[PDB]
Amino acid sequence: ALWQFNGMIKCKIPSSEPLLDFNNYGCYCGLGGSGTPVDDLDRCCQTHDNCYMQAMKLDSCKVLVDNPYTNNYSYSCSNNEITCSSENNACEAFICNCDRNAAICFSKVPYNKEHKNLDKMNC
């Protein structure tokens, strides 16, 4: 679920404000997105979007009920490292890995404030 993704991002990037910093950035960071990612961070968001799309089509995820935004899973944060729990069901495990991959990606790429609030003309 989103507030677990927020937690993951704080795990890797304690100085971030994840629902602020990684929303409305580039062509992909935020609800929706299409076109050409403008930088590596935006590409992390592209990847995450694609992962959430796959999660929504997984046989093991019930339509709507198991959606990635509201489907809570189990994870932990240890020394700024994320673990997805083996206690998760298959749908939850998939979603947890989407979020883990993105939080790690966000932590490994530069943040370019000039890419905030891009108009879709740029995509």
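Note that residue numbering begins at 1 and tracks the sequence as displayed.
The stretch 77-85 shows the higher mean C-alpha B-factor when 51-59 is compared against 77-85 in the entry.
The mean Cα B-factor in the deposited entry runs higher for 31-39 than for the other of 90-98 and 31-39. Annotation for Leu2: CA B-factor lies in the highest third of the chain's modelled residues. Residue-level temperature factors show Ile9 in the middle third of its chain, judged at the C-alpha atom. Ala103 sits in the lowest third of its chain by CA B factor, as recorded in the PDB entry.
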